[PDB]
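Nothing in this text is a laboratory measurement; each read-out follows from the coordinates by a stated rule. Don't worry about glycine lacking a Cβ; one is built from the backbone with ideal geometry, like all the others, and counts go over all protein chains shown.
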Amino acid sequence: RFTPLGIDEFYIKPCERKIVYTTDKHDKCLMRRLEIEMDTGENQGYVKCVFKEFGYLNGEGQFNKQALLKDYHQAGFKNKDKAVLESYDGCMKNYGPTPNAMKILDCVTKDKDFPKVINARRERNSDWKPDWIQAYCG
């Protein structure tokens, strides 16, 4: 990506333990903002954990389209379900029933409204907003 997604910084405490080798402040900021794209074991681990906390990924590794659509609806986008699922499905067309978390991220972020949707989800999860001390993106 050359244009950033504009996702806000997520502070999901049970997934902080997946940030092991990344130590640079801004690099960790991009992790928490789900702006990472590189297929590394570390990024995979963290994004997998986040998507588990999002309810987007179950214990068997299947994507949960109902959780995604719920977030769209809760962000006020109720008349877009077809476009959202077709964007995801087309993007995932070469992948099987248990895809890796970085590829799921790449596909869910193609819809232009996904950053707004997930930003509204963070707004209603105050525990997921880092305070002044813990934030990396400031």
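In the chain, the DSSP-assigned H stretches of four residues or longer account for a calculated mean residue ellipticity at 222 nm of -13000 deg cm²/dmol, using -39500 (n - 2.57) per stretch and the full residue count as denominator. Note on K70: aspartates and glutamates with a C-alpha under 14 Å away, same-chain residues under 8 apart excluded, are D81, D113.
Report the Stokes-Einstein translational diffusion coefficient (µm² s⁻¹, integer) for the chain, Rh taken as the Kirkwood radius over Cα pairs, at 20 °C with viscosity 1.002 mPa s. Mind showing how you got there, number by number?
On the way: Rh = 15.3 Å.
D = 140 µm²/s.
In order along the range 91-98, phi translates into HN-Hα couplings of 5, 9, 5, 8, 10, x, x, 10 Hz, rounded to whole numbers, per the Karplus curve 6.51 cos²θ - 1.76 cosθ + 1.60 with θ = phi - 60° and x for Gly and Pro. A simple rule links phi to the HN-Hα coupling: the Karplus curve 6.51 cos²θ - 1.76 cosθ + 1.60 with θ = phi - 60°, which for the range 3-18 gives 9, x, 5, x, 7, 7, 6, 8, 10, 10, 3, x, 9, 4, 5, 7 Hz, with x for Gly and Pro.
Please report the relative contact order for the range 1-121, taking Cα pairs under 8 Å with a sequence separation of at least 6, and give it as a percent rounded to a whole number. Please report the intermediate quantities before stating the final value.
Numbers: 115 pairs, mean separation 34.3, N = 121.
28 percent.
Across the range 126-131, computed HN-Hα scalar couplings (Karplus, 6.51 cos²θ - 1.76 cosθ + 1.60, θ = phi - 60°) run 4, 4, 8, 9, x, 6 Hz from first to last residue, x flagging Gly and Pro.
Where the only charges are on Cβ atoms (+1 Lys, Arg; -1 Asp, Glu), what is the dipole of the chain about its Cα centre, to the nearest 20 debye?
Details: 24 positive and 21 negative charges, 60 e Å.
Using Cβ point charges on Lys, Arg, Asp and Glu, the chain gives about 280 debye.
When peptides 89-100, 45-56, 110-121, 18-29 are sorted by average Cβ neighbour count within 10 Å, with the highest value leading, the order is 45-56, 110-121, 18-29, 89-100.
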